[PDB]
Amino acid sequence: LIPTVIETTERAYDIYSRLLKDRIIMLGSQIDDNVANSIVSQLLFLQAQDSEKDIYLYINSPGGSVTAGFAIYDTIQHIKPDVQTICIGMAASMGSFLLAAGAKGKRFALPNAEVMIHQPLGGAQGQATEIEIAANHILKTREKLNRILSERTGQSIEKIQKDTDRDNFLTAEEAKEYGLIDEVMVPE
Amino acid sequence: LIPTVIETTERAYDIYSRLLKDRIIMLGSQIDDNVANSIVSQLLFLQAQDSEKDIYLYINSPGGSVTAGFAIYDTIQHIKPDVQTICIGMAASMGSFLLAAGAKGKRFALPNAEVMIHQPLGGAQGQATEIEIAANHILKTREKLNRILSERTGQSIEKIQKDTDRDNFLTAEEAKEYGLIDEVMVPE
Amino acid sequence: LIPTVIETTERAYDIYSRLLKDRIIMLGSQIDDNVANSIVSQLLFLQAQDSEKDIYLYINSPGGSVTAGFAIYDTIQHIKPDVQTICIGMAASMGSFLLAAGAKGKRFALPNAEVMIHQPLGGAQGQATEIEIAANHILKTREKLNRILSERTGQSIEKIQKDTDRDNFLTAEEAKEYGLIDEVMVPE
Amino acid sequence: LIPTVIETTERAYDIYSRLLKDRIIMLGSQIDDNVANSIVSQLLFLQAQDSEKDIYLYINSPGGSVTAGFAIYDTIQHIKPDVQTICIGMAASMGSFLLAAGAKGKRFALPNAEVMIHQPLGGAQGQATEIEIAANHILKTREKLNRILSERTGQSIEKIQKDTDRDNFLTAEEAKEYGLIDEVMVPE
Amino acid sequence: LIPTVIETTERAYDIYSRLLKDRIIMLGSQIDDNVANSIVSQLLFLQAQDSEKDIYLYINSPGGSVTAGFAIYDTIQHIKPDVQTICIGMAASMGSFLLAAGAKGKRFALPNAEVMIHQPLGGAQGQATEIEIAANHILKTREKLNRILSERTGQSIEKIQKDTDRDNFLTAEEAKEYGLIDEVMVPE
Amino acid sequence: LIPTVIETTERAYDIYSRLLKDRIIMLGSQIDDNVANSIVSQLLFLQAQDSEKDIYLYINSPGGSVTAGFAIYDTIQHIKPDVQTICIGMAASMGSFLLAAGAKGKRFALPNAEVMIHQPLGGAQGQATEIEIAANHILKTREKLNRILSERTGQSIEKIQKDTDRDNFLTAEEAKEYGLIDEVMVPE
Amino acid sequence: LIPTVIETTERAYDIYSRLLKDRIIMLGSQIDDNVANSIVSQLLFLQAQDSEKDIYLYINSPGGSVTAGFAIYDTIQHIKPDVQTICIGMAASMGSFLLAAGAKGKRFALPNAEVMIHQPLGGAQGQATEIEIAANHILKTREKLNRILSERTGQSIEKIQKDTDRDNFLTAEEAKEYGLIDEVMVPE
Amino acid sequence: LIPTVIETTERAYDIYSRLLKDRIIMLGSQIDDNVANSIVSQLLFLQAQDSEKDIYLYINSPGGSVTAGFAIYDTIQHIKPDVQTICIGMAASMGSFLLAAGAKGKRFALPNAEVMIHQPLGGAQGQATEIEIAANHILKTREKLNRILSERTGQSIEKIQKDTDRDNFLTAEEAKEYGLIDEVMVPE
Amino acid sequence: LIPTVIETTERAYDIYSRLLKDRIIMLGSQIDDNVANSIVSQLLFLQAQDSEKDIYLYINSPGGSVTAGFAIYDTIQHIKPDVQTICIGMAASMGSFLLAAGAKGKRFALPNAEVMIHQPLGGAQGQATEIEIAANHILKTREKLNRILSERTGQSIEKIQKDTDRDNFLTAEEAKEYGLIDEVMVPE
Ligand SMILES: CC(C)n1ncc2cc(C(=O)NCc3coc(-c4cccs4)n3)cnc21
Ligand SMILES: CC(C)n1ncc2cc(C(=O)NCc3coc(-c4cccs4)n3)cnc21
Ligand SMILES: CC(C)n1ncc2cc(C(=O)NCc3coc(-c4cccs4)n3)cnc21
Ligand SMILES: CC(C)n1ncc2cc(C(=O)NCc3coc(-c4cccs4)n3)cnc21
Ligand SMILES: CC(C)n1ncc2cc(C(=O)NCc3coc(-c4cccs4)n3)cnc21
Ligand SMILES: CC(C)n1ncc2cc(C(=O)NCc3coc(-c4cccs4)n3)cnc21
Ligand SMILES: CC(C)n1ncc2cc(C(=O)NCc3coc(-c4cccs4)n3)cnc21
Ligand SMILES: CC(C)n1ncc2cc(C(=O)NCc3coc(-c4cccs4)n3)cnc21
Ligand SMILES: CC(C)n1ncc2cc(C(=O)NCc3coc(-c4cccs4)n3)cnc21
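Chains as they are written, first to last, in this note's numbering: chain P, 1 to 188; chain A, 1001 to 1188; chain U, 2001 to 2188; chain L, 3001 to 3188; chain H, 4001 to 4188; chain S, 5001 to 5188; chain D, 6001 to 6188; chain R, 7001 to 7188; chain W, 8001 to 8188.
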């Protein structure tokens, strides 16, 4: 499942860490607190290595937590390096939020990569105690998500609210037309 | 189950990683997000090692997710190296899609290797909320799969739709006749 | 999930440990006894390495135990180094207590980082035997938490009691206005 | 486990219901909401049958919920009939509360029947959300229990508080001396 | 647990059904769809038996579903008979809603019967698909509950909103002062 | 949970069966094959008892299977008696379909009874084998449901398609305005 | 779920048994050995009651075992009475086999009743030991099913083989056109 | 369970990998996709190391999947090196197929090593959807297995069909007489 | 959860082992046989490294076994080095026994560190066979614990017996006043 790579200078790298040497971060799982903590650590590490060179963030996630996604989001915008974004397989739910969060001019996706811009809700525990706040916290988070998405897609807030309410299935071309990505990555 | 190999120059390789040194990627499991993330990382790694030399992708999968399969597909077509394909045991469901996805002129299969070109459906969660989109997403994905397969097999879209709807069992010779593979790999 | 990093001088670091080399402690999980024991060990370690240089504590926790949180709290205040604090994703329950516990002048949070200053109750086992003490232990702990929070936020004890009783959702700007953090960390 | 009894006038009674015909209620289980609802229904039924004749309540409970116990308590005091009380086996926790709750002059217990006057705490769910109320609700319930017990045992509130805090084991003679029961039921 | 009662005229009644003969409905469990369907059937049955005579509804519920509670509520108001209400043990969450729903002038509670007027939320399934409706459905239901409660308690809507947001613990006297019940049922 | 009722002429009825004697069918559960088989048997039974007198169908269902719902639907329309309909608590998903299916002029609902006219999808097993049919079977069933609903509500097919695609929450007044029910059942 | 019906002459019937008094057999579940044994017992019973009068078999089954289905089939053809057939909800898999097995001229189905004429395979245990027989037993059973179906639908064996291989969804009108049923049962 | 071996030149080998250094592959488990993927990787590795020197394949398997077995089979015949075969303990089901698949003149088995040449059937999932293909796929696979076995044992196809249908237990001498192995490996 | 630390001279340490290099033992879990065996091994190791230099034992345990606690106790007193003690978070049950067991003059605790000096009972298995010994073994162990505690706290045995019978909650100041610790560790 996970192979090893070494070189003469010995030097034990895993396949993901060998890619990290070339400033490539791989994200191929649901966005929980654990993976979010790891992705943030890599982004902070690559900045310390070189603050000028670009970072490559490959995405293949079905979704995850909102608070976990914003941790990755804020880190990407906070650091100096321009974080590139390349969607593969699919970018659904919070994965599409990070897809759009890439550096402007450097948001990519492969031809057969699907996209879905709708976050359903978990994390209902802490809110479920009080009524008035629980309902408003959903609205606040909905306003929080739709505002940030609107700025990056470059579309009106009115259109975002309707699309981000129900389920979606955008292709690479449709995602480019929406403004989520900048270019469909043609072969070679 | 998983043996170790080393050499004098010491240098700990697993059997799969020792094959990766000779640009050989082994795929002998169902295509989920985890293995897809690993296969993509290997394809990106081998390109960085040498963009001209060929890659060998041995396949032995019963199937997997559609979105996971396209992640591997798009990566194979995106990179410069010509990815060879050698089917062993069986190539069913999404495994047969990657079988046909190999570089043109370099798609192989061993004599007693079975082939099956039909993807049943999972991943019904995110779609199950809305009705009109859920049904159409199946049609869109069916049109997505059948179009790409038709191009690589070199057959009409009309024939693909019927064959890829129900179950199939093609031998190495029948798969060659279909256009899925280019040659049956004769002993030695 | 967890990648490796090495360098020539060989030297196997995990991503979290490579950050620990630069005096960065990552906290991206619920605060139980296990993680609390690890965080304390890191704080004691970094003090032994250098008692003058600052420590960076990134927080992304939904909460945890009270006794586990105070173990981290007391350690931060006990050691010489000024422990910086940077909230990412969210800082809820006992996470917000450690958020405010950072060195004065060096308490930060990213723009879209949420904050919640209310600890619900677990650890009901040992108290549940006797009645008079169990109830008073909650009051004592409530007085213990609200007193310490009031000092660091710089607000009255009367206001803290009401806010820390029910659920809350403070943004980076609201948390700064409350006195929990000192500055909202602007990009670059 | 549960036998049947009938008579000529046919008339299917279970052993517990045949005793209910002679105004005898059997209580030989932990006091949950289900049994409490049944005991109250029997007390209300026997009152409707005859409001003057006495009721016999045999007790053999290790304990139960506080709110469930008070439902039986209030019902016993509300109805007209003088509810006799006969402890057998043991009367622990809330069982001893109902033991003392019997009609004055008609509280009994057999020679080898144990008694324990201490309620530990469950039902921590609804209280666990808010801190100040949860602790005070224990004190309120402690004041509620100790006040009512003090009136019926005919001892001071100061003595009750100490005894009802920790575990106890009173024999029939000691329970009579305490004031929980009125007489030890001698053979024949 | 459940005894039998018969009489000469033979005639097999359970203890709950024997009470139903005297127009007494017992409610000593959480208010789900099953018990709600049974309670409604009893209310409709007693109306058919006699539309003029009063019905007695004993309550001992920790809570339940909102939609299940309104089914009992609407049925009580729809039928001709004046449904009396007698709280025992506790009336928490939706139980307190039905407690107040009793006929005006005939709402009772025993001395040590607790009351709690706050419904937390379940039934989050059907709403969780769409965002804008899910949050507003909580507000609509909150407006639905608080409006109806305000009319029956005879207090302002402003006071109800605050009390029904967080947890509560009202005694028989406090519940009478609130307007939830009309009289505390004194012994005999 | 389920009480007994008898009378002198002895005659053991359960509460639901006693209502069935007065031509009242209670439906307070999800519509599966088991309850559907029972409801149909009752409808066929009441027709045999008297084909002229009206039947009363009380509804309190969150939903169920489509094929199970149509079994009840077709039976109601097939038999001679005019089946009245009274919604209580809620009528969601397939429950609202049967709500509208009542005899014309005799479709009722209580004041606080909610309504929801959207069927999500299960029963995906038998369809999941073939692709072209599975998607079209959803469209056929959608056309099947929307056509029948449109006739009974008396609105256009265009409006039904949009409303029955996403989630809904109609009150008694809104359901009356929609045409699902004929009158809101006022007290007494 | 299951109500009771009695009458004066006392006489305890369940709703299904009351229908059995009027020669109506209800089938609303998957066809296993247990229900098959019960259905056969009813068919044999109704013959003994009256061998001339017709029997009414209401069907609402998703499918079941082949051997269990043939037990009901053979019994229907063996007995003298003409067994009517009325499909409700759906008649899938082996249910459609019994649907067509009804007396000629008396095979019915309601307007919105679905039909599916394809049996997938279970009961693989006893066959799985030997290879040559296991495969041929499927062919023998396929020849057994298709031959009998062809006779009753009145179509060719060639057409049956293709339709009964893959999944199907026939409406009442299409099932009538196929020859499975004789008439669509119009309202009243 | 699994020991370590190293040598001076340091060099960490597991016991299985140390044998792989001397071109020995150990197979002591059921033949699933995982072990098949590993065995193939070793065969491909040893060919790359030296295409002329022989490989030693020790077998001790009770059986496994057919498709998994053919993956190992085809690989053995495809590569240049003559793969020796030494049966130990037992070679049942698909293990006996690989036993016979060894290089001609180099098929061995120890004195007390049992042999069984019959594959029962699993992998019934993908076939179970369609009837005509499922049965024929068993026949095709039976023809596939019996044809290949007949060639290597050097016996008629008629004899193989009967023996490979039911269970078998051949000793080392009987297996040699059958043609499965070439020689019984005498001590030293 | 557990990070790595290395240095140039390479040298793989875990965070806990890096602290062990500076004679710091971390105890942040319940005291079972496994952790007790590890703690003893560390104490024996640090003595062998240097018998004169002090050892630092950080405690954060809720409790554990008695026999496991005495194993650590006896080891601390047996070895030459003066084992310092620093309580963090909490020191409950057997943790408080080891808290007091520290070298005289070197027993510490942080400001918000709680303390509880009462061991409840497990390990009831081996004793439960014989009656007279089981009860006396509790008394012997109670005399064993209370005697040793009394010596180190420097208080009477009479006071210890009462306090160590029921539950306790001592703060850092109260624990210092009790004699359990020597000083409250002030910041810096
Ligand atoms: C924390 C908890 C309360 N929670 N959890 C999930 C969740 C979702 C929403 C919500 O409004 N989801 C719709 C939505 C907004 O924005 C996007 C997306 C844009 C881009 C990708 S998704 N979808 C609101 N609160 C939510
Ligand atoms: C996304 C979800 C709706 N989903 N999930 C599975 C799945 C399958 C199909 C589908 O196209 N099934 C038929 C088909 C096409 O192409 C192939 C194959 C070619 C080659 C191998 S399989 N089979 C369509 N949607 C699917
Ligand atoms: C075991 C038992 C003693 N226990 N466990 C948890 C817990 C919590 C409280 C309590 O005071 N909860 C409310 C509160 C105070 O202060 C804060 C917070 C400030 C800052 C973040 S949370 N919330 C009281 N007893 C508790
Ligand atoms: C409401 C919930 C938090 N709860 N649940 C149980 C419980 C018990 C007490 C309590 O005071 N327990 C000690 C006690 C007093 O008096 C008796 C008894 C005397 C005689 C019989 S019982 N025991 C306080 N709150 C409790
Ligand atoms: C429909 C679903 C989302 N749901 N489920 C429960 C629930 C509760 C509320 C709510 O308003 N809860 C607070 C409240 C108001 O009024 C009362 C009560 C007073 C008296 C008795 S209860 N509690 C809102 N939506 C809810
Ligand atoms: C057969 C299987 C695939 N299946 N299962 C459920 C299901 C639902 C639909 C569908 O059209 N759902 C939306 C809808 C239309 O009309 C109503 C309703 C109005 C009123 C009550 S329900 N909802 C289509 N296929 C479905
Ligand atoms: C004995 C065991 C191996 N088994 N179990 C199920 C089963 C099904 C078949 C088969 O032929 N299935 C397809 C088929 C033919 O005809 C119908 C039907 C028409 C109408 C109703 S069913 N479906 C063959 N063997 C089967
Ligand atoms: C594809 C799936 C349906 N499947 N799975 C197992 C399996 C087995 C057979 C079969 O022919 N089994 C008998 C047999 C023939 O030859 C040998 C052997 C000789 C020697 C070793 S095995 N056994 C046919 N289909 C099978
Ligand atoms: C051997 C087995 C039956 N067992 N297991 C636990 C246990 C506890 C005791 C006992 O005496 N518990 C009370 C106590 C005394 O002293 C302390 C403590 C002071 C300080 C720390 S603990 N608690 C007696 N036997 C026990």
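Don't be surprised by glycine CBs; every beta carbon is placed ideally from N, CA and C.
Determine whether the beta carbon atoms of residue i and residue j lie at a separation below 8 Å.
| i | j | result |
| --- | --- | --- |
| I7031 (chain R) | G7089 (chain R) | no |
| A4109 (chain H) | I4076 (chain H) | no |
| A1135 (chain A) | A5135 (chain S) | yes |
| residue 5977 (chain D) | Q6084 (chain D) | Any property of residue 5977 (chain D) remains undetermined from this structure, which presents chain D solely from 6001 to 6188. |
| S8065 (chain W) | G8122 (chain W) | yes |
| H78 (chain P) | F2169 (chain U) | no |
Cα-Cα, which of the options is closest to residue i?
| i | options | result |
| --- | --- | --- |
| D165 (chain P) | A:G1154, A:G1126, A:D1163 and A:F1045 | A:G1126 |
| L99 (chain P) | P:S41, P:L180 and P:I79 | P:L180 |
| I5055 (chain S) | S:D5163, S:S5038 and S:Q5042 | S:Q5042 |
| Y6016 (chain D) | S:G5028, S:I5059, S:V5005 and S:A5036 | S:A5036 |
| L6001 (chain D) | S:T5009, S:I5006, S:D5033 and S:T5008 | S:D5033 |
| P8111 (chain W) | W:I8079, W:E8188 and W:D8050 | W:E8188 |
Please report the distance separating the alpha-carbon of residue i from that of residue j.
| i | j | result |
| --- | --- | --- |
| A3092 (chain L) | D8074 (chain W) | 41 Å |
| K6021 (chain D) | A5071 (chain S) | 22 Å |
| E132 (chain P) | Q4161 (chain H) | 9 Å |
| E1151 (chain A) | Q7049 (chain R) | 39 Å |
| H8118 (chain W) | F2097 (chain U) | 29 Å |
Under a three-way DSSP split, which group does residue i fall into?
| i | result |
| --- | --- |
| residue 8204 (chain W) | The structure shown has nothing for residue 8204 (chain W), since chain W only spans 8001 to 8188. |
| residue 3189 (chain L) | In this structure chain L extends from 3001 to 3188, so residue 3189 (chain L) is not present and cannot be described. |
| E8188 (chain W) | coil |
Taking only runs of the beta strand (DSSP E) that begin and end inside the region 7019 to 7081 of chain R, which ones reach a length of at least 3 residues, in chain order?
Fully enclosed beta strand (DSSP E) runs of 3 or longer: 7024 to 7027 and 7055 to 7061.
Secondary structure, alpha helix (DSSP H): runs of 4+ residues fully inside the region 1076 to 1154 of chain A:
Taking only runs of at least 4 residues, the alpha helix (DSSP H) segments lying wholly in the region 1076 to 1154 of chain A are 1094 to 1100 and 1131 to 1153.
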